[PDB]
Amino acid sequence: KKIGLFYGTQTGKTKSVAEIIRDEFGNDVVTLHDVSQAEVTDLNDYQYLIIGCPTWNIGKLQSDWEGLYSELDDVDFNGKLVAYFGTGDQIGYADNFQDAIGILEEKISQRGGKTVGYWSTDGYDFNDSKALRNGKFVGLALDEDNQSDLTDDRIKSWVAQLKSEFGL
């Protein structure tokens, strides 16, 4: 209802984290949107938005989000509060860890979106990320490949941080 969660997924991993974020907020609060089936004007249907995106070869947006990225100039995000999460592999892609949510955040915040849900880099091992803003991550960084065991507590903490920042 109130929050729209817009995710893109190639191997199902960002999709399953989205479901866990959805159940943590309440199914009554967040509705899931796979960007493969989305129009970019679907983002207009919400004042509170959650962006979910993994980084793929080579340091690119997942392909469904990549498709929409070009059209982001056609939507106005002013007044909207926007959160970001991604899944990533910090061991194999230490130079591009979570680039996708940083790429998306740059554009959306430029087109009006107000970023909520900044996350600590304490607990990760990487060299570089387009997702860094004053030494914080732009949203929750998940690692299902190397750090899957940490993911449930990260979601629980971040959703609680978000419920508070969104005003639920």
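Counting begins at 1, following the sequence as shown.
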- Note on the structure: The stretch whose C-alpha atoms carry the larger average B-factor in the entry, 15-23 or 146-154, is 146-154
- Note on the structure: Going by the entry, of stretches 3-11 and 159-167 the one with greater average Cα B-factor is 159-167
- Out of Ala141, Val30, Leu49, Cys53, residue topping the C-alpha B-factor column of the entry: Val30
- Note on the structure: Reading the B-factor column for Cα atoms of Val116, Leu104, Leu68, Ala131, the highest value belongs to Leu68
- Note on the structure: Quick tally, chain-level thirds of C-alpha B-factors: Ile58 sits in the middle
- Message: Using only modelled residues of the chain, where does the Cα B factor of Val35 rank: lowest third, middle third or highest third?
- Response: middle
- Task: Determine, from the deposited record, the chain-internal third of the Cα B-factor for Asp99: lowest, middle or highest.
- Result: lowest
- Query: Should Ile91 be placed in the lowest, middle or highest third of its chain by the C-alpha B factor in the entry?
  - Reply: middle
- Item | Chain thirds of CA B-factor: placement of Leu81 | middle
